[PDB]
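In listed order, ligands and their atoms are each counted from 1. Residue numbering restarts at 1 for every chain, and letters A, B, ... go by the order of the sequence lines. No hydrogens, no waters, no symmetry mates; every other heavy atom, side chains included, goes into these values.
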Amino acid sequence: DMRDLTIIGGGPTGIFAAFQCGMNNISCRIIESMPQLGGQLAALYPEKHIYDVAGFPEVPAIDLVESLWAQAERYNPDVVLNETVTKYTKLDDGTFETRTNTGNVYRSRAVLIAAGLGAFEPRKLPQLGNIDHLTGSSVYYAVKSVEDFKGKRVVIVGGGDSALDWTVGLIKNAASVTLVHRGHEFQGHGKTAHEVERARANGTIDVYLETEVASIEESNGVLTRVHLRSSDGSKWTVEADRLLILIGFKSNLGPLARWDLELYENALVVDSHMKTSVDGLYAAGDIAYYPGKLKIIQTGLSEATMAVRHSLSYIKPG
Amino acid sequence: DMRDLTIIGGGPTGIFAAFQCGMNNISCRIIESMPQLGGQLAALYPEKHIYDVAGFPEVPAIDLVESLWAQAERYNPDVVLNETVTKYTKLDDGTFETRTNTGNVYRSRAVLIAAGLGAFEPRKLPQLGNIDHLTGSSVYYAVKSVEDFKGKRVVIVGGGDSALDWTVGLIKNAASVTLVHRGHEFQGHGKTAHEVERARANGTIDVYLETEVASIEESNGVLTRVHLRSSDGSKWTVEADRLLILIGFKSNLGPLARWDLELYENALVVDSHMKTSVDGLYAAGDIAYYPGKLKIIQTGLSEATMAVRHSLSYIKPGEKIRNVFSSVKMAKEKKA
Ligand SMILES: Cc1cc2nc3c(=O)[nH]c(=O)nc-3n(C[C@H](O)[C@H](O)[C@H](O)COP(=O)(O)OP(=O)(O)OC[C@H]3O[C@@H](n4cnc5c(N)ncnc54)[C@H](O)[C@@H]3O)c2cc1C
Ligand SMILES: Cc1cc2nc3c(=O)[nH]c(=O)nc-3n(C[C@H](O)[C@H](O)[C@H](O)COP(=O)(O)OP(=O)(O)OC[C@H]3O[C@@H](n4cnc5c(N)ncnc54)[C@H](O)[C@@H]3O)c2cc1C
């Protein structure tokens with residue numbers, strides 16, 4: 001089933017781009033890697049208020065996503081969720097085939113890369129080496145079940161909302177809870193960050209800022225203890241059964257890095273029409289680069305309008 | 001006196017740029033030649049619905065202007081209305097002076113040109129010539145206030161919504177209302193045109209299609225009589241102490257076209273940072289040209305953001321810029 005434009009990524013840029021397709025009477029689909037649309041706004045800061053998007057005095061990120069989506073849904077674009085585009089091919093006839101990780105192939109007359117800053121892979125502690133054999137047993141990047149943390153000695157890495165929340169949530173579940181953050185202070189300093197220090201002074205938990213995991217110990221295929229290190233060179237070891245790492249998400253082009261396209265500082269280089277080196281292949285948003293590019297919402301919206309507009313000369317040359 | 005940025009023009013691009021100034025902790029002024037903000041939106045299509053602005057499914061143009069203003073008024077920026085910037089000078093210190101048509105001068109450390117397609121000015125009737133001594137007192141190009149027309153015998157010229165609106169508006173307020181328009185039909189339509197037509201029918205008002213104003217009479221420096229001529233050749237006179245001219249706004253790029261700055265088909269040529277050749281002098285919106293420029297609202301909005309962002313390097317030279325997002329930056333000042 002041929003569409004005019006395949007859009008890779010369902011952040012604010014891909015969404016507005018899908019609206020642009022409707023507005024301009026071309027069919028499209030959005031292929032999105034996450035289980036929901038909204039990109040960085042829905043994932044990293046859904047509840048935080050945005051101030052610098054035109055005509056929205058003060059708007060929670062996730063509401064803006066909803067405003068943008070409602071605007072585009074009128075035109076009923078195909079939305080593919082839970083699929084990551086890993087390859088494409090331009091065919092003899094100029095049309096496109098884009099492939100996702102589930103082996104699904106998608107046909108379009110042209111394509112728009114609106115993939116931002118990656119597909120939200122959890123960031124790790126690579127200083128610990130390849131510890132896949134511990135992963136999902138004693139080392140976690142998310143809490144898919146509290147069972148795993150129950151009556152266990154657990155250290156928690158991070159200083160955002162996820163690391164904070166779970167430090168208090170596991171006090172009652174776990175034998176011990178220890179928070180360790182690289183930063184000087186905690187990020188997202190609100191209601192939940194106003195009462196974090198309590199259990200620290202109380203002695204029910206341990207908190208360490210300015211410290212990082214230096215190494216770990218294991219016995220019979222399970223974590224035994226965690227070595228810590230502060231900025232001043234202070235080093236100590238702590239007994240730990242579980243490691244819970246919540247330090248955000250990685251930022252790179254993922255599979256799109258190995259598409260033979262001009263790059264400039266982890267972004268796709270783009271001309272005055274938002275076109276890559278390959279005709280009918282466009283980029284817009286955080287992922288696109290041109291002299292003067294700002295990586296903000298306002299600017300991604302403009303770029304989506306310009307990509308879609310020029311794409312009409314490729315899709316239907318009239 | 002001194003502001004960080006002088007913004008020439010208060011269309012959507014200028015209003016957003018003023019908001020951007022506030023976001024970036026710099027002061028500014030908007031200089032606008034119209035009696036209100038809004039540019040082509042307020043002037044040419046206020047009631048028309050806009051569909052292609054991000055996050056707005058449907059919005060009357062004038063409501064969009066209102067939303068953008070509501071956003072900008074957070075920082076209470078200076079607003080100079082009814083003045084047209086005619087020139088600028090870059091002084092020896094690198095700061096700027098802008099001069100308007102009323103002889104006022106404004107100082108700033110940098111300037112953004114967000115002048116669109118030109119200064120909007122009320123269209124005038126040449127057949128009357130220089131009547132500036134009557135303008136503001138017995139002759140008007142817009143209703144500055146309704147009290148100007150209370151108990152007056154008024155004539156209104158035009159066939160759009162504004163002419164139609166104030167015709168029915170001033171019926172109970174004024175003592176005599178005459179509407180003239182040089183077209184054979186009214187271009188404003190709907191609720192208003194029929195109210196006017198019903199008022200014509202029972203003779204509460206005079207209305208004359210295909211009629212243009214020929215001449216006026218005046219006594220004591222005030223309007224006294226208006227002379228009209230139809231399309232068939234008719235020619236008559238009304239007793240009128242008030243004349244309201246409402247035949248539209250005209251865009252006039254004139255003064256800025258005579259500046260020493262490169263143009264591409266009436267647009268000021270700009271670089272990757274929305275800067276013209278003169279450092280500290282920026283352009284954004286419909287007035288800005290760079291390869292691939294689309295003359296639309298969405299595009300002027302992000303251009304305003306890029307121009308204000310870079311202007312910081314000229315306004316505050318050498319100063320290290322801290323790349324915070326608005327969301328995080330407004331959270332830090334909510335804590336403090
Ligand atoms: C904490 C924080 C606060 C911010 N606050 C502001 C602010 O106040 N104002 C502002 O203007 N900007 C702000 N930003 C930046 C803003 O979020 C981004 O500029 C914006 O999200 C860019 O949208 P985008 O569509 O270009 O990219 P993204 O939001 O990154 O969306 C890209 C989408 O593509 C998907 N994807 C990636 N690869 C593939 C693949 N190969 N196949 C299928 N899908 C894929 C991803 O899952 C993602 O949904 C903030 C950023 C952060 C982190
Ligand atoms: C009928 C019509 C419908 C349109 N519909 C849409 C639409 O649906 N969607 C869309 O995206 N775009 C639309 N547009 C285009 C859109 O209006 C413009 O892109 C937009 O107005 C540009 O904004 P701007 O602020 O940069 O310029 P402008 O809106 O033109 O504002 C410039 C302002 O500067 C003032 N000015 C100029 N020179 C001086 C000076 N020397 N001194 C003081 N003040 C000065 C002017 O009076 C004016 O108020 C439409 C245009 C028209 C004519």
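- Taking the six-membered ring for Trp and thresholds of 30 and 60 degrees, B/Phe96 and B/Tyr88 have ring planes inclined between 30 and 60 degrees apart.
- Annotation: atom 27 (O) of ligand 2 to nearest protein heavy atom, B/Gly116 CA, 3.3 Å.
- For atom 43 (C) of ligand 1, the nearest non-hydrogen atom of the protein is A/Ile31 O, 3.3 Å.
- Side-chain N/O atoms of A/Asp286 and A/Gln40 include a donor and acceptor closer than 3.5 Å.
- Inspection of the B/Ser302 and A/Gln298 side chains reveals no N or O donor paired with an N or O acceptor under 3.5 Å.
- When the heavy-atom distances from atom 44 (N) of ligand 1 to A/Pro255, A/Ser33, A/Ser251, A/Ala119 are ranked, the shortest goes to A/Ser33.
- The atoms of ligand 2 that sit less than 4.0 Å from any heavy atom of B/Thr84 are 40 (C), 41 (N), 42 (N), 43 (C).
- Set against the non-hydrogen atoms of A/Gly285, the atoms of ligand 1 under 4.0 Å away are 26 (O).
- The pair A/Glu303-A/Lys293 meets the salt-bridge criterion, since a charged nitrogen lies less than 4.0 angstrom from a carboxylate oxygen.
- Using a 4.0 Å cut-off to heavy atoms of A/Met34, the atoms of ligand 1 that qualify are 47 (O).
- Under 4.0 Å from ligand 2, the heavy atoms of B/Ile8 that appear belong solely to its side chain.
- Summary of contacts: the protein heavy atom closest to atom 41 (N) of ligand 1 is A/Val85 O, 3.0 Å.
- Below 3.5 Å of separation, one finds an N or O of B/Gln40 facing an N or O of ligand 2.
- Classification of the B/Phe19-B/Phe16 ring pair by plane angle, with boundaries at 30° and 60°, yields parallel.
- Contact atoms of ligand 1 toward A/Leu117: 30 (O) (distance under 4.0 Å to a heavy atom of the residue).
- For atom 15 (C) of ligand 1, the closest non-hydrogen atom of the protein is B/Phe325 CE2, 3.7 Å.
- Under 4.0 Å from ligand 2, the heavy atoms of B/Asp52 that appear belong solely to its side chain.
- With B/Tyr106 as the partner, the side-chain hydrogen bond (donor to acceptor under 3.5 Å, both in side chains) test is satisfied by one option alone out of B/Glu83, B/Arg3, B/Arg29: B/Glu83.
- Annotation for ligand 2: atoms under 4.0 Å from non-hydrogen atoms of B/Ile296 are 11 (O), 19 (O).
- For atom 47 (O) of ligand 2, the closest non-hydrogen atom of the protein is B/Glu32 OE2, 2.8 Å.
- Within ligand 1, counting atoms from 1 as listed, the ones closer than 4.0 Å to a heavy atom of A/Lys295 are 19 (O).
- Interface atoms of ligand 1 facing B/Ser327, defined by a heavy-atom separation under 4.0 Å, are 3 (C), 4 (C), 5 (N), 6 (C), 7 (C), 8 (O).
- Close N/O approach between B/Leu41 and ligand 2 is not found [any backbone or side-chain N/O within under 3.5 Å].
- For ligand 1, the atoms lying closer than 4.0 Å to a non-hydrogen atom of A/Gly39 are 29 (O), 31 (O), 48 (C), 49 (O).
- Contacts of A/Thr100 with ligand 1, taken as heavy-atom pairs under 4.0 Å, are absent altogether.
- Ranked by closest heavy atom to atom 32 (C) of ligand 2, the top entry among B/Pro12, B/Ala114, B/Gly9 is B/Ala114.
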Before you tell me yes or no, could you show the steps for A/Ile31 and A/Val79 under side chain to side chain contact (heavy atoms under 4.5 Å, CB included), namely the whole-Å CA-CA distance, both residues' side-chain angles and the distance that decides it to 0.1 Å? CA-CA 6 Å; A/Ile31 307 178; A/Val79 182; over 6 Å; no
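- In this structure, of B/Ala42, B/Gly11, B/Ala284, B/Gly118, the residue bringing a heavy atom nearest to atom 46 (C) of ligand 2 is B/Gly118.
- With atom 39 (C) of ligand 1 as the reference point, the heavy atom nearest to it among A/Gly188, A/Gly14, A/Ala115 is part of A/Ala115.
- Side-chain contact between A/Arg99 and A/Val85 is absent, with no heavy-atom pair separated by less than 4.5 Å.
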Could you walk me through whether B/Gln71 and A/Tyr51 pass side-chain hydrogen bond (donor to acceptor under 3.5 Å, both in side chains), step by step? CA-CA 8 Å; B/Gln71 184 173 41; A/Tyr51 292 82; over 6 Å; no
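- The nearest non-hydrogen atom to atom 14 (N) of ligand 2, considering only B/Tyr45, B/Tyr51, B/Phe249, B/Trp259, comes from B/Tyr45.
- The nearest heavy-atom contact from the protein to atom 24 (P) of ligand 1 is A/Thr13 OG1, 3.3 Å.
- Ionic pairing of B/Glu97 and B/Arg107 is present here: one or more N-O contacts between side-chain nitrogen and carboxylate oxygen are shorter than 4.0 angstrom.
- Nearest non-hydrogen protein atom to atom 8 (O) of ligand 1 is B/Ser326 OG, 2.8 Å.
- Annotation for ligand 1: atoms under 4.0 Å from non-hydrogen atoms of A/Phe120 are 46 (C), 47 (O), 48 (C), 49 (O).
- B/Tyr289 pairs in a side chain to side chain contact (heavy atoms under 4.5 Å, CB included) with only one of the listed residues (B/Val269, B/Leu263, B/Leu268), which is B/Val269.
- With B/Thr276 contributing its side chain and B/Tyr282 its backbone, the two residues share no donor-acceptor pair below 3.5 Å.
- Formation of a donor-acceptor pair under 3.5 Å by the B/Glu32 side chain with backbone atoms of B/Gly10 is found in this model.
- Annotation for A/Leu41 and A/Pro12: closest pair CD1-CG, 3.6 Å, computed over non-hydrogen atoms.
- Set against the non-hydrogen atoms of A/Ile50, the atoms of ligand 1 under 4.0 Å away are 8 (O), 9 (N).
- Across all non-hydrogen atoms, the minimal contact from A/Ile287 to A/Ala283 is CG2-CB, 4.2 Å.
- Atom 19 (O) of ligand 1 has as its closest protein heavy atom A/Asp286 OD1, 2.7 Å.
- When ring centroids are compared, A/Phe56 and B/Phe56 come within the 6.0 Å threshold.
- Ligand 2 lies nowhere less than 4.0 angstrom from a heavy atom belonging to B/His49.
- For atom 12 (N) of ligand 2, the closest non-hydrogen atom of the protein is B/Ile297 CG1, 3.6 Å.
- Under a 4.0 Å heavy-atom criterion, A/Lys48 is not in contact with ligand 1.
- Atom CZ of B/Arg322 and atom NZ of B/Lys329 lie 12.5 Å apart (nearest 0.5 Å).
- With values rounded to the nearest 0.5 angstrom, A/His310 atom NE2 is found 11.5 Å from A/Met274 atom CE.
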